[PDB]
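What follows is each chain in one-letter form.
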Amino acid sequence: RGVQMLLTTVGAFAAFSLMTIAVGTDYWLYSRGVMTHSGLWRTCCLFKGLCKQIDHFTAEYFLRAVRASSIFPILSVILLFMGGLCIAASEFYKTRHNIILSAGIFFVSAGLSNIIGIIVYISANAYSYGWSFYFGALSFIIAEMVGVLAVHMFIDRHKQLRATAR
Amino acid sequence: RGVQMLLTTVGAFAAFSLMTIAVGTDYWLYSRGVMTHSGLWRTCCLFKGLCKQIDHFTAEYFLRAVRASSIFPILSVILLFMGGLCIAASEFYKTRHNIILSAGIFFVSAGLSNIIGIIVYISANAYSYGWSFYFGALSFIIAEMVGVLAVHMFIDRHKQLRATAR
Amino acid sequence: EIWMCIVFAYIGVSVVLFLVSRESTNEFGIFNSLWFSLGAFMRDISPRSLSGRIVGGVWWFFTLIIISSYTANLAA
Amino acid sequence: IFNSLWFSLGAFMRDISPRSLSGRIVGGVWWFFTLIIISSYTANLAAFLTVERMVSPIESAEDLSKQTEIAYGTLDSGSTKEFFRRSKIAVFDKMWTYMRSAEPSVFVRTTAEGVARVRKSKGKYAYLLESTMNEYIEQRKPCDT
Amino acid sequence: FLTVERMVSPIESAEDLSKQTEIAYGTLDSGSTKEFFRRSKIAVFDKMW
Amino acid sequence: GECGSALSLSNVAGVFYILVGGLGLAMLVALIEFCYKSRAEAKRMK
Amino acid sequence: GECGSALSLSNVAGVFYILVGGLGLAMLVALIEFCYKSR
């Protein structure tokens, strides 16, 4: 019952905040050219201790531009925002079947945007990874599970409706 | 009905005689060392026009000895002899179920001996093949079909017996 | 010649199937058994009696080794 | 047990087990494992097609000293025989001790006799001779030495 | 990777050393080996020197 | 100086052989237990 | 003179991408005809 609500919210804030932190820093930690880290915006050394704008970008244009500005993961951010926002909207104002399914769709597909974006990043990057990067992938996963509980609660509501229909 | 008898006999004499002729000559036709033929016993040239004992045979001993004297195909000969002999025996003296099944088994397995023997030959032979060789393989095949009609007639007899049992 | 081999394997298999058949099972007809032989030669359920079972696994095994072989030969 | 074993063999080779989904993991992890295998031996073969080119098993005097399948000897009345007769190296002493009492005699009266023994002994004879002659013979028919 | 790796293995030679530049090779200074190479007239050994 | 792609049918064809002997024996045991045990029981009834 | 094994994730990973967009759209059309036509 309410377990759907609990797992729903903790998935929302969990994967959402984890995605934000993933946008923050700790995306690629390795030797620079001398070691530093970077979060797809600017790299920061250990001279050492300073930072600099590092994302200095039909193959170079299209792919490099795609990886530039972190388009897909920001799309995951916005879509997650619609996720939690539309679920907190689904709290009251019942609308038995429409809103829950909608936010579920845009939420799972949001996860797809996250993973696809990760693919774009690791792809264009061509030595160690950043930890908050792993936080981002794990965020996509936990998001997926949250979607599982979402659709599961939705078809539960369907079971209640069609059940009481007789 | 009698089609089983017809196909049975024509398979018997057909594959049997074809196997004998296969034992005769025309098993390997190719250039000698100068072109000649051979039938696993003696080769005969086109000097030219004469013949000579050509089958001059744990690898050399076992394999070469196995290929020597054409052991398996003679086994196919004897087993086929038991095939036709036991079917002509199955003509009268009914014995509804035993003899037909027996001769069928030794007949199909006889075909297996034929093909296996062919494997032994082509194997040990390590340019063209003899025609009566192809007659031997085809004989093994037609034999197999004859076995199909055999077992089919046998289970037909079973259908008659168990059918009339009620 | 190896083609001739596979052919003879096929026929022997099929017939042996019908002999296992000896109130009937799924391989009750030669056609279905041959079909099984084909579908095994290429990359669905023989099993009932467990009699025919062993012979079928023999088949899949055999042809499997084969196709493996001719494929390696190919890539070579 | 019989049906399960049939699922085992048929599983290994290239129908539907699943029920318990506690048995799923078993089934899948099988398919996984056997799959890794079949891949492995498969490409292993394809290599055996490509590679597996033959190499001689033994190329040394120490290999000769440690075996009795391949006989070996020297020219009679020559410096090689004095070398072995006077050698104090364990391998060469042991080889001389074998060769001097090997039956039939492994020594030859002529280099031609030693070559003929190499050529005719099916690889069961190796000849010990001066390098200059060996490399000369190496350029001689039937190029089998 | 499998056969690519497995068919590999190289036997070289002094001539192999002479025909490559990835693996450096040398001799003792002030010695008879250096005099050998310095005075060698064999093309491979001259080229190596 | 005077010295200066195929297919091996045999190899596993042997395993064809053995496989087939396995077949024939398999069916032998098959119909010998079928006939023997089965009919032995059948007449063993009456 | 002064001159003398891996895996390409990218290549078909693109086809992962496209495959997945195919998935999402597939289900979109799915529940839009289910909802729309059905209800």
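Residues numbered from 1 in each chain as written, not as in the entry; some residues may be left out. Chains lettered and ligands numbered in written order. Part of a larger assembly, values for the part shown. Heavy atoms only, no water. Residues with missing side-chain atoms left out of burial classes, pairs and counts.

Here the PDB entry title reads "Structure of AMPA receptor-TARP complex".

In the annotation of the PDB entry, chain C is listed under the name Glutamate receptor 2 and assigned to Rattus norvegicus.

Check the secondary structure of chain C and you find 3 helices and 0 strands. Along chain C, from the amino end to the carboxyl end, the secondary structure elements read α-α-α. Along the first, second and third principal axes, the C-alpha set of chain C runs to 50 × 20 × 15 Å. (Helix = DSSP H or I, 4+ residues; strand = E, 2+ residues; numbered from the N terminus.)

Further remarks concern the sheet that holds strand β5 (residues 128–129) of chain A. All names here are of chain A. Ordered by their spatial adjacency, 5 strands build an open sheet running β4-β3-β2-β1-β5, and the pairing between neighbours is antiparallel. Strands with a single pairing partner mark the edges of an open sheet, and in this sheet they are β4 (51–53) and β5. With 4 bridges joining them, strand β1 (residues 28–31) and strand β2 (residues 35–38) adopt antiparallel strand pairing. Bridge pairing links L29 to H37 in β2. (Pairing = 2+ DSSP bridges.)

Of the residues lining the interface, 4 residues belong to chain F; the matching set on chain D comes to 5 residues. A breakdown of the residues in the side of chain F that touches chain D according to their chemical character gives 1 nonpolar, 2 polar and 1 charged. (Contact = heavy atoms within 4.5 Å. Nonpolar A, V, L, I, M, F, W, Y, C, P; charged D, E, K, R; others polar.)

Here the focus is the packing of helix α3 (residues 71–90) of chain A against helix α4 (residues 98–124) of chain A. All names here are of chain A. Interaxial distance between α3 and α4 falls to 8 Å at its minimum, and their mutual angle equals 160°. Viewed along their axes, α3 and α4 adopt a mutual orientation that is roughly antiparallel. The way α3 lies across α4 gives a crossing that is left-handed. Side by side, α3 and α4 meet where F72, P73, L75, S76, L79, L80, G83, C86, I87 and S90 of the first sit next to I99, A103, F106, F107, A110, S113, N114, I116, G117 and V120 of the second. Of the residues in the contact of α3 with α4, the class split is 14 nonpolar, 6 polar and no charged. (Axes fitted to C-alpha atoms, helices over the stretch in contact; angles between N-to-C directions. Parallel < 35°, antiparallel > 145°, perpendicular 65-115°, else oblique. Left-handed = near helix turned anticlockwise from the far one by under 90°.)

This brings us to the pattern of salt bridges. All names here are of chain D. Across the salt bridge formed by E62 and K66, the nearest N and O atoms sit 2.9 Å from each other. A salt bridge links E82 to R85; the shortest N-O distance between them is 2.8 Å. Taken together, the residues span about one helical turn, with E82 and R85 both in helix α4 (residues 79–86) at a distance of 3 residues. One network of salt bridges, in which partners are shared, links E82, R85 and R86. (Salt bridge = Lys/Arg side-chain N within 4 Å of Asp/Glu carboxyl O.)

Residues and elements named next belong to chain B. Strand order in the open sheet formed by 4 strands is β1-β2-β3-β4, with antiparallel pairing between adjacent strands. Only two strands of the sheet have a single neighbouring strand rather than two, namely β1 (28–31) and β4 (51–53). Within the sheet, the average angular offset between the axes of one strand and its neighbour, ignoring direction, is 25°. Looking at chain direction, strand β2 (residues 35–38) and strand β3 (residues 42–45) are connected through 3 bridges and run antiparallel. In the sheet register, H37 faces β3, and the bridge partner there is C44.

Residues and elements named next belong to chain E. Counting through the fold element by element, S18 comes out in helix α2 (residues 14–18). Within the local environment of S18, its side chain forms a polar contact with the backbone oxygen of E15, the two atoms lying 2.5 Å apart. When sequence neighbours within four positions are dropped, the list of residues in contact with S18 reads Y25, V44, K47 and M48. (Polar contact = N/O pair within 3.5 Å; in protein donor to acceptor, adjacent residues only side chain to side chain.)

Two residues share a disulfide in this structure: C44 of chain A and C51 of chain A, whose sulfurs sit 2.0 Å from each other. As the torsion about the S-S bond is roughly 115°, the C44 of chain A-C51 of chain A disulfide counts as right-handed. (Disulfide = S-S within 2.5 Å.)

Turning next to the pairing of strand β3 (residues 42–45) of chain A. All names here are of chain A. Here β2 folds back onto β3, and the loop between the two strands holds 3 residues, one of which, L40, carries a positive phi near 70°. By the bridge criterion, 3 bridges tie β3 to β4 in an arrangement that is antiparallel. Bridge assignment links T43 to a residue of β4, and that residue is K52.

With the exception of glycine, the majority of residues adopt a negative phi angle, and the majority of peptide bonds are in the trans configuration. Residues and elements named next belong to chain D. Backbone torsion omega between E103 and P104 reads -15°, so that peptide bond is classified as cis. Relative to the helices and strands, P104 is located in the loop between α5 (90–99) and α6 (111–120). Following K141, the chain continues to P142 via a peptide bond in cis, the omega torsion being 15°. Tracing the backbone shows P142 in the segment after α7 (131–138). A positive phi angle is found at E52, which is not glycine, with a value near 85°. The topology assignment puts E52 in the loop between α2 (22–50) and α3 (61–65).

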